[PDB]
């Protein structure tokens, strides 16, 4: 994916959790079961992650 | 463009497959769910409820 | 802006280039001929003072403190190709411009990504400001500051320099600062990724041995000993400074003269194409070069707490992108080089531009402090309605330029809405009591001044409670151009005090307006009048100043009901060249006329004369007509002959032109 | 109205959530009550009055 300038300290944590398995305990509608989207995600940002 | 000259021939060959991989719907879907989980995070679910 | 500050100067004032300042106090003013008249039922008594000196004392001391703030970027200088129709950096033409240049091919993709952040870091105002201060420190370096010296004295109350400025050691201006040098590294053109939070500047040819020492000291902390105006406290601008000079940077010399600082500025502005940045730095220093000595003892409330100077953060990314600066720059106004060209020609003219600006501001803050909060244009909301732009915050130069616009009564226009410099309106907006310290001389002080103690032995340190701020300066350069009835700065004026013979000299002024004009004109005539308020029971004296020689109504030091008893058999003749009121009977009519004006300056109780060449009004056209001319005389050495002519003697020869 | 343009995406996100809840009416209400408590601060309330 592409990015504008520097990937912030919090943007790493959000993208990391977005591309992961949802394994819920309580049956909630916005926290349903989803498979692992991807294992690794590249980011073309000249300013380091 | 501002590409490395030794990569142009090898990257152009791959273009036929890779340029038709454009669907970010799954990523935006999960990121929208994380927004509402942290906003309305204080809602409760009881096991023995009606 | 040299242009707008030039128009503030009077018509009769014809300035010269050089001004040999050799002290930390100057009495600028004018000599006028006053034809006073006193008419009465008995008869008329005429007087005439041929040389009457009206002065405003201006010093080189004043407590200030610099703080680094975030300000808008100044986009004047960059090439006109990369800009779009609206006037903002169209990114896409930047990538096109960098590609078709003399850049390393492996750096193009990584440098273009950074462009979005780095190209909007253009503000060199902080660097030019410090380099201008170094010029004047080395020029007027021999001025002295004594610790136990008289800041103000009016006979009754005295205020020393120890009182206002503690932590203050006596020293010369040259010996005040001990500036440490910042590192001036050479930029490697083959650097992988640009280092943000480190500014990189351009240079023409080789950085000289003295240029290193000047740039090193300009980007450093100012930690002064003596409270000087051009050597106030400033934070460290930057730690390291890159310079993209293919010819290597020579090491620091250590010493430099004031002429070498002018050399450093002229190269920096030309290479970086930063003329609007210099214009901002020129107006900043114009505010904070000289501070006014207070007119009255209770007018020291303005200079108790230190006014903050807003210096914009040093940020420049020209060193990383040499291609984007060329000989065809983008500029808003056509007269964008006028301010630098004026300074290079006439450096010492800044002194006259400085006093013109502070006199304009402190006069208007005098008659702004005397308006009630319940009004449309009041103390808090006089800046907002006047400003028709989009500045970040209404502070610094915006508040000082809007006060000048009110004084002259004209429209002031700047190319960029920059908000940097000193903020004066600090003590005003607080709207609280200020406690100024004073050392007493006489024992009958606390009747006149609103003192904290009622009985005080001589040589005691007391406190005066100032509620409403009196005017700090009287209008002198702006005399009778935009006249108000408060100051009463007319050429012709008259007052009619109505008394009957049944009254034995005693007159009660029910009106406040004509009481002010009576007490003022009596002081021109050299008469010491002492009125007493009937309601409160305090006393006021017209002799409350030794500079202007006028009586403003704020010298009463109290707002109440107006019932001033003046006894006209206790009037004492004080000054020379005076008309006598021996014994008046019936209606009195006082009047004066100011006819001609001659510019005069005093220093160390001696006349200070202007020397050098005749200063002109430099226009953009006056230089570029010589560029239109080009000296188009083909540079061909054409030698013309002279025919010898013989006459009677023949021993001696005589040459003719044809 | 800034030189540091790295913070614009973050600033916009927080501003959008806060601007739709701005109200200083409750602060001025208490500040006005403190003015009149000090001014008329000699009024007596007797419990066994009519």
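Every residue, every condition in (1) over 25 Å from the mean Cα position of the chain (by Cα); (2) within 14 Å of chain D (Cβ to nearest Cβ); (3) under 30 Å from residue D:1 (Cβ atoms), yes or no:
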residue: C:121; (1), (2), (3): yes, yes, yes
residue: C:125; (1), (2), (3): no, yes, yes
residue: C:129; (1), (2), (3): no, no, yes
residue: C:136; (1), (2), (3): no, no, no
residue: C:146; (1), (2), (3): no, no, no
residue: C:151; (1), (2), (3): no, no, no
residue: C:161; (1), (2), (3): no, no, no
residue: C:173; (1), (2), (3): no, no, no
residue: C:183; (1), (2), (3): yes, no, no
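Does segment C:300-309 contain any residue that is buried (at least 22 other Cβ atoms within 10 Å of the Cβ) and part of a loop (DSSP other than H, G, I, E, B)?
no
Looking at C:109, C:166, can you tell me which residue is out of contact with any strand residue (DSSP E or B) (no Cβ under 9 Å at 6 or more places or on another chain), more than 30 Å from residue C:339 (Cβ to Cβ) and within 14 Å of chain A (Cβ to nearest Cβ)? Before the answer, list the steps.
Details: C:166 fails: within 14 Å of chain A (Cβ to nearest Cβ).
Result: C:109 is the single residue among C:109, C:166 that is out of contact with any strand residue (DSSP E or B) (no Cβ under 9 Å at 6 or more places or on another chain), more than 30 Å from residue C:339 (Cβ to Cβ) and within 14 Å of chain A (Cβ to nearest Cβ).
Any idea how many residues of segment C:418-446 are surrounded by 20 or more Cβ atoms within 10 Å (Cβ to Cβ) and in a strand (DSSP E or B)?
Of the residues in that region, 5 qualify.
Residue B:32 is checked against (1) facing another protein chain (nearest Cβ under 10 Å); (2) loosely packed, with under 10 Cβ neighbours inside 10 Å; (3) over 16 Å from residue A:24 (Cα atoms) and fails just one. What number does that condition carry?
(2)
Is it true that residue C:464 is surrounded by 12 or more Cβ atoms within 10 Å (Cβ to Cβ) and touching a helix residue (DSSP H, G or I) at 6+ places or on another chain (Cβ under 7 Å)?
Details: surrounded by 12 or more Cβ atoms within 10 Å (Cβ to Cβ): yes; touching a helix residue (DSSP H, G or I) at 6+ places or on another chain (Cβ under 7 Å): yes.
Judged against the criteria, residue C:464 is a match.
Going through C:527, C:546, C:585 one at a time, which residue ends up being in contact (Cβ under 8 Å) with a residue 24 or more places away in the chain and in contact with a strand residue (DSSP E or B) (Cβ under 7 Å, 6 or more places away or on another chain)? First the steps, then the outcome.
Values: C:546 fails: in contact with a strand residue (DSSP E or B) (Cβ under 7 Å, 6 or more places away or on another chain); C:585 fails: in contact with a strand residue (DSSP E or B) (Cβ under 7 Å, 6 or more places away or on another chain).
The match here is C:527.
Filter segment A:8-33 down to residues that are facing chain B (nearest Cβ under 10 Å) and touching a residue at least 24 places away in the same chain (Cβ under 8 Å), then give me how many there are.
Residues in segment A:8-33 being facing chain B (nearest Cβ under 10 Å) and touching a residue at least 24 places away in the same chain (Cβ under 8 Å): 1 in total.
With respect to residue C:160, is the statement that it is surrounded by fewer than 19 Cβ atoms within 10 Å (Cβ to Cβ) and either more than 24 Å from residue C:123 (Cβ to Cβ) or touching a residue at least 12 places away in the same chain (Cβ under 8 Å) (or both) true?
Working: surrounded by fewer than 19 Cβ atoms within 10 Å (Cβ to Cβ): yes; either more than 24 Å from residue C:123 (Cβ to Cβ) or touching a residue at least 12 places away in the same chain (Cβ under 8 Å) (or both): yes.
The answer is yes for residue C:160.
Considering only segment B:36-50, state which residues are more than 9 Å from chain A (Cβ to nearest Cβ) and assigned to a helix (DSSP H, G or I).
Within segment B:36-50, B:38, B:39 qualify.
Only residues that are assigned to a strand (DSSP E or B) and surrounded by 10 or more Cβ atoms within 10 Å (Cβ to Cβ): list them for segment C:612-631, please.
Selection gives C:612, C:613.
Would you point out which residue out of C:74, C:104 is in contact (Cβ under 8 Å) with a residue 40 or more places away in the chain, assigned to a loop (DSSP other than H, G, I, E, B), surrounded by 18 or more Cβ atoms within 10 Å (Cβ to Cβ) and more than 14 Å from chain A (Cβ to nearest Cβ)? Full working, then the answer.
On the way: C:104 fails: surrounded by 18 or more Cβ atoms within 10 Å (Cβ to Cβ).
Of the residues listed, the single one that is in contact (Cβ under 8 Å) with a residue 40 or more places away in the chain, assigned to a loop (DSSP other than H, G, I, E, B), surrounded by 18 or more Cβ atoms within 10 Å (Cβ to Cβ) and more than 14 Å from chain A (Cβ to nearest Cβ) is C:74.
Output the residues belonging to segment C:1-30 that are surrounded by 15 or more Cβ atoms within 10 Å (Cβ to Cβ) and part of a strand (DSSP E or B).
Correct list: C:16, C:17, C:25, C:26, C:27, C:28, C:29, C:30.
What are the residues in segment C:136-169 that are touching a helix residue (DSSP H, G or I) at 6+ places or on another chain (Cβ under 9 Å), part of a loop (DSSP other than H, G, I, E, B) and under 25 Å from residue C:299 (Cα atoms), if any?
Once the filter is applied, which keeps residues that are touching a helix residue (DSSP H, G or I) at 6+ places or on another chain (Cβ under 9 Å), part of a loop (DSSP other than H, G, I, E, B) and under 25 Å from residue C:299 (Cα atoms), segment C:136-169 yields C:146, C:147, C:148, C:149, C:154, C:156, C:168.
In segment A:34-49, what residues are free of Cβ contacts under 8 Å to residues at least 24 places away in the same chain, more than 14 Å from chain C (Cβ to nearest Cβ) and either outside any loop (DSSP other than H, G, I, E, B) or within 30 Å of residue C:118 (Cα to Cα) (or both)? Spell out the reasoning first.
Within segment A:34-49, the subset free of Cβ contacts under 8 Å to residues at least 24 places away in the same chain is A:34-40, A:46.
Going one step further and asking which of them are more than 14 Å from chain C (Cβ to nearest Cβ), we end up with A:34-40.
Correct list: A:34 only.
Every number here is computed from the coordinates shown, using simple stated rules; none is lab data. As a convention, Cβ positions derive from the backbone with ideal geometry for all residues, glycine included, and neighbour counts pool all protein chains shown.
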